[PDB]
Amino acid sequence: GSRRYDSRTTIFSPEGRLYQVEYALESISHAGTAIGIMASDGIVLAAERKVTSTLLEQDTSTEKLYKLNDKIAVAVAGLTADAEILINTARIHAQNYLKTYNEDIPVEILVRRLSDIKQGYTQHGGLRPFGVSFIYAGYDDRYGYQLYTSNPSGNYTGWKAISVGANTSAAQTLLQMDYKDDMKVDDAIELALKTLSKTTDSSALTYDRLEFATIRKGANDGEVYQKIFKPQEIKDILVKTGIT
Amino acid sequence: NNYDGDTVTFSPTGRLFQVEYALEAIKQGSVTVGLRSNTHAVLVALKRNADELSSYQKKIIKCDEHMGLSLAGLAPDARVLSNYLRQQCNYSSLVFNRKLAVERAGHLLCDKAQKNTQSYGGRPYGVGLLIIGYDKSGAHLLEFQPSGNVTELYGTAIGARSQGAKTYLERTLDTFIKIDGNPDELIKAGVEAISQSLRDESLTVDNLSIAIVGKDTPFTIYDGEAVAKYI
Amino acid sequence: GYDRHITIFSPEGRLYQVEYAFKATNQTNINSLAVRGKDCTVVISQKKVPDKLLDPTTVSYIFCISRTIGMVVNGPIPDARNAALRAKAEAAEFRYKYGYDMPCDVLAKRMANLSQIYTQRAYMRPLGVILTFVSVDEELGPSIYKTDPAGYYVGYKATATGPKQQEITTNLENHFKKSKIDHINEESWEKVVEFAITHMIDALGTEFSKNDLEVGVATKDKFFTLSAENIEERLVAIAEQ
Amino acid sequence: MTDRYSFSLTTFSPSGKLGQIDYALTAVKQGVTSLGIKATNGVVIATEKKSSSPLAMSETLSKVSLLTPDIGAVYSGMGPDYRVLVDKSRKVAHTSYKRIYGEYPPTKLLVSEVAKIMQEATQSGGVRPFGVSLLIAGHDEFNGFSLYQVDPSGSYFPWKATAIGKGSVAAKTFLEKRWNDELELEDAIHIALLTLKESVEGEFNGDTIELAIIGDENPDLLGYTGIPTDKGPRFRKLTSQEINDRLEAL
Amino acid sequence: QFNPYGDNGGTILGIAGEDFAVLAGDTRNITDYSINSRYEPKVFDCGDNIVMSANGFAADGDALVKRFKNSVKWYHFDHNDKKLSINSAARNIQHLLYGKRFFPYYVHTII
Amino acid sequence: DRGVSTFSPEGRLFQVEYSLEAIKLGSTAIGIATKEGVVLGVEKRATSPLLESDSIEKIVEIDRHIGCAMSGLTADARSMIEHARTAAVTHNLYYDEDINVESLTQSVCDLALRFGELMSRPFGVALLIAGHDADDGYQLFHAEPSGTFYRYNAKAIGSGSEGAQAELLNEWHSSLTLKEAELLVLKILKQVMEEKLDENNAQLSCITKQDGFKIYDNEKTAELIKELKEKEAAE
Amino acid sequence: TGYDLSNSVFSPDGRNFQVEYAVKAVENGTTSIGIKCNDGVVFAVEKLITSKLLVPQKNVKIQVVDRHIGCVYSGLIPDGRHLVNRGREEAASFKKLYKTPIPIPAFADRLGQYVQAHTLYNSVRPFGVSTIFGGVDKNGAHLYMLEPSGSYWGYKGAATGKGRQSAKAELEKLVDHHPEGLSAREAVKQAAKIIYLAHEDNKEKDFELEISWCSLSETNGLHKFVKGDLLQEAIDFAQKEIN
Amino acid sequence: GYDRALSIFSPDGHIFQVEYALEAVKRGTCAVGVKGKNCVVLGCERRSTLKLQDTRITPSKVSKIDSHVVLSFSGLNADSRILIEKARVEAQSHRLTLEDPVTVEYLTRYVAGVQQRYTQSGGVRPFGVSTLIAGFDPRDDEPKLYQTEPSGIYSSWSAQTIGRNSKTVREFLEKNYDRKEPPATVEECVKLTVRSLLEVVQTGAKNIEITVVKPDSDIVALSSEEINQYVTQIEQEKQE
Amino acid sequence: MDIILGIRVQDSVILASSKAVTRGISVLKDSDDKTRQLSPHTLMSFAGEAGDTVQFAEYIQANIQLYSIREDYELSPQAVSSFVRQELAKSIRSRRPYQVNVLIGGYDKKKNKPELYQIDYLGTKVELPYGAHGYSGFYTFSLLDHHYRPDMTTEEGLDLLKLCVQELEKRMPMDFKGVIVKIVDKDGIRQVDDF
Ligand SMILES: [Cl-]
């Protein structure tokens, strides 16, 4: 019957590893690098678009940075189509929480929910896992500014600064070297871009090959503003930091 | 070889190996004999024990006041099929106020076993049955195989070394068929028939199991000192 | 090599089960042909009754799907009848839901979509048949639309299907290059059938008796098949000129 | 019976590749060339009508399809897969948008819905991916003119201009030299015809080429008058004659 | 409106002796002011030395008795031909009756 | 790969035969039936000295008149015990009486073959079901994952089963007392066990008509172990 | 290779090897035939007597569908019974909705579609029987034969099983020597002969003859078994011809 | 639905999927449980390969199931959340119906039952997780410590360890832990737990987590400085 | 059940609930506590149809306690009240709706403010300085309209509450057997044993 053709996506290896999760992580390691850096007064999200073209319409494009709600955003590394399935689920989950409790969803709760969905695909259903790793950048009134990551295994962890996708080993070493606890957003912006500029497989880092975003308390009085950078705004910050 | 992984696969010569392997389980099972005359129908079964401390596995199951069977192979499969017969006999009584015909009972078992041989996922039944009964057309004896094939017979035997008892009945055909209005002599012929399938071991008091049904005789099972008469 | 057992992509981007279903199409060794007249659409097919024990009246690969639509099949009869029964059901349901007779091209598309599903879904196999639908549509006029196991379909000026399709195809191609029109310029359907048979004889290089052929004709508001005697009359007219 | 294929037929290999998606892209590579170019006041999409037989009426087979009055689509790869996607795309534009908001969806969101359908065929049980790449051109009030590519994975990207299928590598190079941000629609059509001629072997005319535009509103194609706010579809398929006229000034 | 219940009349009587028991019942069966039958048995031998009668609506009465007789049969099959004691029969009948708590057997039962 | 409900060429279900191998790896359990009662005993087999041995529950009550001992993948037995308890109590609810030991065993065995592609595999545990009823008296049953059950006068299951069964072959007679049966279980357990038998790594239980099913205290078993040593040294 | 391991898989030939393997089970079975006559049809079958212990005239192989259709088959007997059970459900729903008894061609397609459905999936096995069937309806007499693939045609004479070649040869002679037609009572006699002549392929074990027929004149268009004197008359005619 | 039998027997009578789930537990970070006379302590390893972590928000290894029971684990982190959630739901469900909080044995029996169910259900793989469940029953001062594993078997322990290099720390506990006289105070119990982890951990900085549970819902997690004091005292006594 | 009152003062919320349980013509109990602690700083009183009241209250209690364990965090009174409202709004269009009216009194530790929410069985939520369900409000709202001042102390709130209970005991026909009074503030929940 049908058993003959079943790949068995949810089984252990003799060593005790989940085959499909490990192979999904291998897929993500070839995806464009995404970096998240958390500061005392905000969070930075930086991400590299993969080998673009001159004929790609950049200003209307979105492959890396997505908005989950007014307080939370994510950087994607892996299959974009897979990510959008999860993103729409996460957007709905946030709204369900807001309808139920009349309060914005705490960052960790949203992260745990998405991570639990990913976990389910590794334990039951016989389907392939989502080939996606997220960097969550968000804010709430309990823990303040928070950075998380999740991967196809459904395991998530918190971070001060973190990278996903390609060249994470090289990227994490550079972040570990220059990061300090008393750091600010403007400094974190510079660190993120400098890290990408060294780890990139491209010849030179330019505005058209980048997506950038910040989550600042830098908003009129006690509130949080999400800023998804425009192409011209990425070009200006590249000149300011002294990369181009 | 490559075509015995499941029941849904014909071999290149048109064989169903899973059905044939299920048929093999019957040959491993203990011997049981069935025979009938015009008035009565008799089942004789050699019960098997695990060891000296163990009891002897029951071989005969009652289905209705006028019908029952003996088993050889996987006993749980005989329990499933006998339960189905009990329900079908019972449906005939409640709905139609009618005792189920032995021939029709065989047809129902055939069709139930067949569905398991054509569908993926399931498996064939691993047991053979000898059904006896007395209905409106007199005494009957059936032989069920889990391939689906059901056969009405004067006498037969299934299980290990069953060929010896089957040959004896083939010689005695003209004699035991005429044993009308005499249950004890019909049982004697059945006990003498099953004896031809014995090696080393002999028929003891807790080894032998006999059942009978007839004209004015409900389906009753005899075990223990009740069969000491026939040893 | 399980990519050749079910309908999934091979490394070459191919579906081998679909390709092998195409090969089952010619298992019957029958050739069919379809052409359009002014007021009609004619479809002819070879009829082969090898066994003397067979009832020749029941041996047929042409089907009356609806009053207006006819269908000839190239492929094994079980799959042919599977497709026929479904097309009949679809044509009937269409009329009930939308209040008018299902067009030939719309039915072709529907059956093509069903075929497409079998090329994408694993548990369902493709049918090893090529379906040629014919009618005189009330909007588009004489119509020939053909479906295959890949889920492909297209309209035709004329067409041919079977082992020797290419010989028939080129024969028809050469005729339409001369006349420079998209149909057989002829008033009566009888003469269009005569054209169809004549050009099949020329292409295949074989003579036909009344029992060697099978003919279906589509006119306005009805489709029908010819009897052996109707074909005999057709063969007589061809021989006399 | 029952569909007992409840497991994925597309899985990650040790190298991290999704085999069935890669093989689907290979099927797209073998497919006939199609392209799209975006102008300041419009968008153009085009492809070759590769006729399987000269007896076949190529007018009946439509490679370029209307999805909404302001959105059109063309493909490269497996035609049957494209046909069912167009059916599903048209329906989802109504069920998931028009029946809710009382208006047709913007290009990017309809693309997103099509992309979703193609992603599900890459992960759901008992199915293979779609063997097509789509080029979707469209217009809406707040985003203006736009052109999107959609791949078998479900991934989609916006383009100023691009090409897919047989001779896409050469065609994309040709478009890079000719494209600028000040192109008028007629200039984009001219460039589209030049680009497409390179990939075509045989006959090159209005009957062998299929071309449509997203441009100005066509009140003559609306079918009714009396409502000022309804000004007609921006999608228009160019006729055989209209193509041949522009081939003389080529 | 359809009324699924009816009244077939009749009367039954059970008396327990020291080493015996009796269950009596009249043989008349009626609807409204008409006699259906002058002899329609109402008390039944159900096996295992148990007698039963379900008086009231005869259709429900016959159904119940039929189902209890069935219960006795399956009790033998499932428990090695064990005799169903009168107390066990009584508890079994409670579950048959309460099983249709929200669409009752319209009868007064005595065993 | 291959079907879960597949027959071998010899006419046996692969999965059932493989589950029997898992039971052979399990700890020893012994049952002995007499006219004065049925005794059940088990080897606890703690994997480490830090493991509190009293928490090892390999002897279990099903009802007041039915007890149960297990061997093999003991985690699998929990749903079997739950079903047995429910079956026993449910029958009391429907019939206002105790349920026959055989009928209880049959109910447990009906679960055995409910596996396919219902649960995904057979049970990897064998059970010794001991009890008493008015009809057939004191009884001992052996319930396998094949769906088959045999009645026994005495039975051993687990790793030292064939060695213990041979010893039960010679020792058992129809006139055994309860005290004699208790010592006999301890004697045979001590013989087949790897570690030295004491009250902490071995457990006794019995079922009598009067007192019902009782698991023995460690203090009570310790005396029976001491009584055993003396009577063996006596000759 | 591996194309023959799973049902509904096309080989590179365009063949379904599993269906072809089901045919081998049919070829292994006992001989069964069908003869179309003037106003009806006749069915006959070979029943191998495996043992003296078999009760004569009890293990009936030919089955009736509705009251006007007869069915006989060669191969796996249980598969044939399953097919007839379906046929009976199909005929019942037809008569339920449309009132009239199911026409034979209509009935033939109902079985055909059902058998063909068992070649569409790997989760099911093809039928291991070729079924000969037919009867009388409003349009007259009809005889059909249905293969494991779901393929069926109308027939003047039909035969299947181990002795099909021997039978087919005999049927071809009757068609040639009787163009104007054959009577019902003649067809019964000829049927008996053909089974006896076809028994040379199963000549090891002796056999039992079983015949049935539907005829507008002889049986009022209803299916009946040939019994008693008429059966013995057909056996005597058959025994005379072989000697 | 996906009904495929993933956990099945092999010729030698083993369920490989359950055994491979134990290998996932072997890979997991070390976790240890020690019960004193009037307390239980749960020690856990944090691998120091991951620095630049945010220890405020990172999921802690020890999880509260109720106010009186705690659960630590070794193995797949994602799998552990599913067991913890189910356990937390069952804890509140028990309070709702029985009007009494769960016993530690009951909560263990439930979690173990869930793990077992996943070893003979179609279309699912076993949990790659072993747990240590500790606490005090309602209105009871006797300490409780239980262990569970992927197969579904569970048992009570005077002291136990699971995870990577658990063989070494179990060796340590077997010689150092005395049943006749267990750690009388909280200090003695925590000290023995930290000592046992120091056989494996590497550095005694932020790599050791300690959680003390006392009777009557008295649970507290020790800080870095408090644990560091134990690490200092142990090594200073060792230098002799 | 009958009478449940609520009043939000400067630094606390006070809930008063009758002790009587009457089924038919008999007062079965005169010491019934018609409230459940949802969290350390949130209390819910309830009144409605028999059975439904307790079943609903305990169901809500279980859900909030579950949230507290999962997140190791106490929900705000506003968040709990919204959760409760949604459950009742869901309930009103069910096969058999919960026939329960509730008051939710809580102290928000974040904003350092007491909060009182009145929710009926339809899922009608309102935040109020003082609230009541059933026929209680017909007597008590007029008194509270007169005397209540927002800057009151807890002791002043209890005196104002005594004035409400005295009026109810004078003018209502049913003997509700006095009230159990509970205070919710920054330090948590406590019961006034003498009232
Ligand atoms: Cl469609």
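In the PDB header, X-ray crystallography is given as the technique by which the entry was determined, and 2.60 Å as its resolution.

A. Layout of the overall build of chain A. For chain A, the count of helices and strands is 6 helices and 10 strands. A globule of 244 residues ought to have a C-alpha radius of gyration of about 18 Å, and chain A, at 18 Å, matches this closely. Each of the three principal axes of chain A carries a C-alpha extent, and together these read 65 × 50 × 35 Å. Per-residue burial for chain A yields a buried fraction of 60% across its 244 residues. Put simply, 62% of the contacts in chain A that link residues at least 6 apart link residues at least 24 apart. Counting only carbon and sulfur atoms, one obtains 46% of the accessible surface of chain A, whose full area is about 9,400 Å².

B. Broad picture of the interface of chain A and chain H. Contact with chain A, which involves 38 residues of that partner, is made by 30 residues of chain H. Across the interface of chain A and chain H, roughly 3,000 Å² is buried in total on both sides, 56% from carbon and sulfur atoms. The largest contributions to the chain A side of the interface with chain H come from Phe12(A), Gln123(A) and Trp159(A), which together make up 23% of the buried area. At the boundary of chain A with chain H, the tally comes to 2 salt bridges.

C. Region of the structure containing the side chain of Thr214(A). Inspection of the secondary structure puts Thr214(A) in strand β9 (residues 210–216). Looking at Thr214(A), the relative accessible area reads 3%, which means it is buried.

D. Expanded view of a nonpolar patch on the surface. There is a patch of nonpolar side chains on the surface, built from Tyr91(B), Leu94(B), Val95(B) and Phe96(B) and spanning about 410 Å² of accessible area. You can see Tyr91(B) is positioned in helix α2 (residues 75–96).

E. A look at unusual backbone geometry. Of note, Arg161(B) is a non-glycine position whose phi angle comes to about 60°, a positive value. Assignment of secondary structure puts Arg161(B) in the loop between β8 (155–158) and α4 (162–176). Phi is positive for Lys177(I), close to 60°, though the residue is something other than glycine. On the secondary structure map, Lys177(I) appears in the loop between α4 (154–171) and β11 (179–185).

F. Expanded view of the environment of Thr185(H). Residue and element names in this part refer to chain H. Inspection of the secondary structure assignment puts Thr185 in the loop between α4 (166–176) and α5 (186–198). Overall, the relative accessible area of 37% leaves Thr185 in the partly exposed class. Between the C-alpha atom of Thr185 and that of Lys37, which follows or precedes it by 148 residues, the distance is 7.1 Å. At 3.3 Å, the side chain of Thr185 and the backbone nitrogen of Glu188 are in polar contact.

G. Broad picture of the packing of aromatic side chains. A full pass over the atoms with the stated rule returns 46 aromatic pairs over all chains. Taking 5.9 Å as the distance between ring centres and 15° as the angle between the ring planes, the aromatic pair formed by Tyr123(C) and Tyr121(G) counts as stacked. You can see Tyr123(C) sitting in the loop between α3 (104–120) and β5 (130–137) and its partner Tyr121(G) sitting in the loop between α3 (104–117) and β5 (129–137), one on each of two chains. On the accessibility criterion, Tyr123(C) (19% relative accessible area) is buried. Relative to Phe127(G), the ring of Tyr114(G) has its centre 5.8 Å away and its plane inclined at 45°; by these criteria the two rings are tilted. Of this pair, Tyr114(G) sits in helix α3 while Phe127(G) is found in the loop between α3 and β5, placing the two residues 13 residues apart along the sequence. Comparing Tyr114(G) with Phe127(G) shows no difference in burial state: the two are buried. Here the guanidinium or amino end of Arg4(C) rests over the ring plane of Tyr16(C), the centre of that ring lying 4.0 Å away. Between the NZ or CZ atom of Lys98(D) and the centre of the ring of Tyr104(D), over which it lies, the distance is 5.1 Å.

H. Focus on α4(I). Residue and element names in this part refer to chain I. Counted at 1.5 Å a residue, the expected span for α4 with its 18 residues is 26 Å, and the 26 Å between its end C-alpha atoms agrees. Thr154, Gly157, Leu158, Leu160, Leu161, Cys164, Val165 and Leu168 are the residues of α4 that are buried. Buried residues of α4, viewed axially, fall in a sector of 165°; they line one side. Turned more than 90 degrees from where α4 packs its buried face, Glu155, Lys170 and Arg171 sit exposed. Considering only its buried residues, α4 is in contact with β1 (4–8), β2 (12–18), α3 (137–147), β11 and β12 (188–192).

Conventions adopted
- Residues numbered from 1 in each chain as written, not as in the entry; some residues may be left out.
- Chains lettered and ligands numbered in written order.
- Part of a larger assembly, values for the part shown.
- Heavy atoms only, no water.
- Helix = DSSP H or I, 4+ residues; strand = E, 2+ residues; numbered from the N terminus.
- Rg over C-alpha atoms; globule rule 2.2 N^0.38 Å.
- Buried < 20%, exposed > 50% of the residue type's maximum accessible area, 1.4 Å probe, protein only.
- Contact = heavy atoms within 4.5 Å.
- Areas by Shrake-Rupley, 256 points an atom, 1.4 Å probe, with all protein chains shown as cover.
- Buried area = accessible area lost by both parts, 1.4 Å probe.
- Salt bridge = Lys/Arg side-chain N within 4 Å of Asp/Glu carboxyl O.
- Patch = residues over 30% accessible without salt bridge, like charges linked within 9 Å, V, L, I, M, F, W, Y side chains within 5 Å.
- Polar contact = N/O pair within 3.5 Å; in protein donor to acceptor, adjacent residues only side chain to side chain.
- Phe/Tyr/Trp six-rings, centres within 6.5 Å; stacked < 30°, edge-to-face > 60°.
- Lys NZ or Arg CZ within 6 Å of the ring centre and 35° of its normal.
- Expected span 1.5 Å × (residues − 1).
- Arc of directions from axis to C-beta.

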